[PDB]
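The form deposited in one PDB entry is given below as one chain in structure tokens.
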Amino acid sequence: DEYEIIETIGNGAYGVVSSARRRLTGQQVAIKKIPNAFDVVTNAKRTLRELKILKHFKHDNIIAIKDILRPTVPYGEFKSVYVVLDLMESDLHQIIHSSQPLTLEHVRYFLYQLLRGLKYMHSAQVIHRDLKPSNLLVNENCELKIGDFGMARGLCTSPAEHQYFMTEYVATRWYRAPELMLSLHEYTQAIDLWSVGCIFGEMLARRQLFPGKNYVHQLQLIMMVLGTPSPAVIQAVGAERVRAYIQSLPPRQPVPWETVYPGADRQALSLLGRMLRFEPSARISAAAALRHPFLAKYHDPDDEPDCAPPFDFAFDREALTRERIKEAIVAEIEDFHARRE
């Protein structure tokens, strides 16, 4: 055979995977099994989206497909997909919430890598929409790689999907941007920068910034630090009940970040304040955040590429049956092997 299994291991971005090694080279890899991959439309579409996205990117701070196993059995019998990935022993969740060191320099280095990968991803017109410490994989050499692209979308989405109307269900509550919570009809790469700010804050205090218990409590926590949202953002709130709830509340001023995180690094808090804004268009971009004095130690524009050409989500807006999706996944596996040799 081509690979030798070592052990079943946990993974922040993809759950249960197998640590393995290539028999000829001894190279360590992670092997992810997607069992019964073609049984449910929503799961099958997600597998296709993830394969396409990961094949499009070629960046050290984004998880790479190292190999995809070809069907060894008849087409009709091909039911499970095996993807060979970079082996990542940990993730930012496990590091932050452990007894491991996490100095300002760890924060600065992890933030840098995350923003480096985002700058490249964002130039490809891809919004991750689910950034959280658990899907930011970290290996033994301290390399951070963004994983778990199931929630990723472009600047344009199909009305046929439920999330197009129900934005407050997009991704993880604790990292979910105000435009998603409130349906502000402005959904860009700025969604990711709110999540980055939440992650940045979490590394600084080694605790979640807005750990909301439910929908309303999540907004309350955000408002406790950011203050009452402006009249223009309140008018942009889609739902009348939420809009009335926000308007019913007494006015509140923003709490300076120097009060949220007492004695924290000045340049860190400066960049943090540029990320955590109610208004999507007021947030700093990944590219400009890389130009902030806080990351100057690592910042090198010649070593921080963009992704050309942009990624197209058109294949995902198509209404395809489970069989047609299986056909497209099988074509992706073939294309992967054809492009190598």
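For clarity, a rigid core is taken as the largest C-alpha set superposing within 1.5 Å between two forms. Only residues modelled in both forms are compared. Note that residue numbering begins at 1 and tracks the sequence as displayed.
From this point on, the text means the form solved in complex with a small molecule, which you will not see here.
Quiz item: 277 to 285, 24 to 32, 295 to 303, 310 to 318: which one contacts the small molecule in the bound PDB entry at 4.5 Å, heavy atom to heavy atom?
Solution: Going through the listed ranges, the match is 24 to 32.
Quiz item: With the cut-off set at 4.5 Å between non-hydrogen atoms, does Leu137 touch the small molecule in the bound PDB entry?
Solution: Because a heavy atom of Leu137 falls inside 4.5 Å of the small molecule in the bound PDB entry, the answer is yes.
Quiz item: Should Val17 be classed as touching the small molecule in the bound PDB entry when contacts are defined as heavy atoms within 4.5 Å?
Solution: Yes, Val17 is a contact residue.
Self-check item: Contact test in the bound PDB entry: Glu89 vs the small molecule, heavy atoms, 4.5 Å
Solution: Yes.
Self-check item: Interface membership of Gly147, the small molecule in the bound PDB entry, 4.5 Å heavy atom rule
Solution: Yes, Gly147 sits close enough to the small molecule in the bound PDB entry that at least one of its heavy atoms falls within 4.5 Å.
Quiz prompt | Contact at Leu204, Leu271 and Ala289 by the small molecule in the bound PDB entry, all three, heavy atom at most 4.5 Å | solution = No: none of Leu204, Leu271 and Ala289 comes within 4.5 Å of the small molecule in the bound PDB entry.
Quiz item: Of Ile96, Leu184, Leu85, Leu219, which one comes within 4.5 Å of the small molecule in the bound PDB entry, counting heavy atoms only?
Solution: The residue from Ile96, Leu184, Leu85, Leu219 that makes the contact is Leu85.
Practice problem: Fix the rigid core, compare C-alpha positions between the shown form and the other one, and report which of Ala331, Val16, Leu24, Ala319 shifts by 2 Å or more. | Solution: None of the others reach 2 Å, which leaves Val16.
Quiz item: Given that the CA-CA distance for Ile34 and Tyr14 shifts by 3 Å or more in the bound PDB entry, does it become closer or farther?
Solution: It is closer: in the bound PDB entry, the C-alpha atoms of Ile34 and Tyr14 lie at least 3 Å nearer than they do here.
Quiz item: Is the CA-CA spacing of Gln28 and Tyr14 tighter or wider in the bound PDB entry than here, given a 3 Å or more change?
Solution: Between the C-alphas of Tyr14 and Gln28, the gap widens in the bound PDB entry (3 Å or more compared with this form).
Quiz item: Mind listing the moving segments between the shown form and the other one, meaning three or more residues in a row, each Cα shifted 2 angstroms or more, core aligned?
Solution: In sequence order there is one run that relocates between the shown form and the other one, which is 10 to 16.
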